[PDB]
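For reference, the chain that follows is the form solved without its partner chain, supplied as structure tokens.
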């Protein structure tokens, strides 16, 4: 039974989530999550997405999706590929033009963006720990 989360993190299913605040570009958020022993959030189901939207900032948040090698394939920071997606209409933009980072809007839907864009929120996740 794995639902144990650290103080300030919120459990959903087998993961823990931290809804961060404070102005950060994508890689800044990446390291903020890393320094908290987590990583920018990966999303693999509509149930997970719905949970995130419920707790997420109205003004948009960095998540852990990025065009890894700059060549057009978006990969989650945890290493996994996209199965579930929640792209906003028309996203991602059908051009390789250096908008390699993904944010989640107030609606929960995703759009690509310049990685140096400063957003006011960012979400981390980590595995919940378990009772023996």
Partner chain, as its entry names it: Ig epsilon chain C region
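Here, rigid core means the biggest group of C-alpha atoms that superpose within 1.5 Å across both forms. Residues that one form lacks are left out of the comparison. Numbering follows the first chain given and starts at 1.
Keep in mind the form solved in complex with its partner chain is missing from the figure; the text below concerns it.
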- Task: Flag residue 105 as yes or no: does it have a non-hydrogen atom within 4.5 angstroms of any non-hydrogen atom of its partner chain in the deposited complex?
- Result: no
- For residue 25, is any heavy atom within 4.5 Å of its partner chain in the deposited complex, or not? yes
- Message: How about residue 96 - does it come within 4.5 Å of its partner chain in the deposited complex, if we only consider non-hydrogen atoms?
- Response: yes
- Message: Check residue 115 for me: does it contact its partner chain in the deposited complex (non-hydrogen atoms, 4.5 angstroms)?
- Response: yes
- Task: Superpose on the rigid core and name the single residue from 54, 71, 58, 81 whose Cα moves by 2 angstroms or more between this form and the one not shown.
- Result: 71
- Note down every stretch of 3+ consecutive residues with C-alpha shifts of 2 Å or more between this form and the one not shown, superposition done on the rigid core, in sequence order. 68-71, 94-97
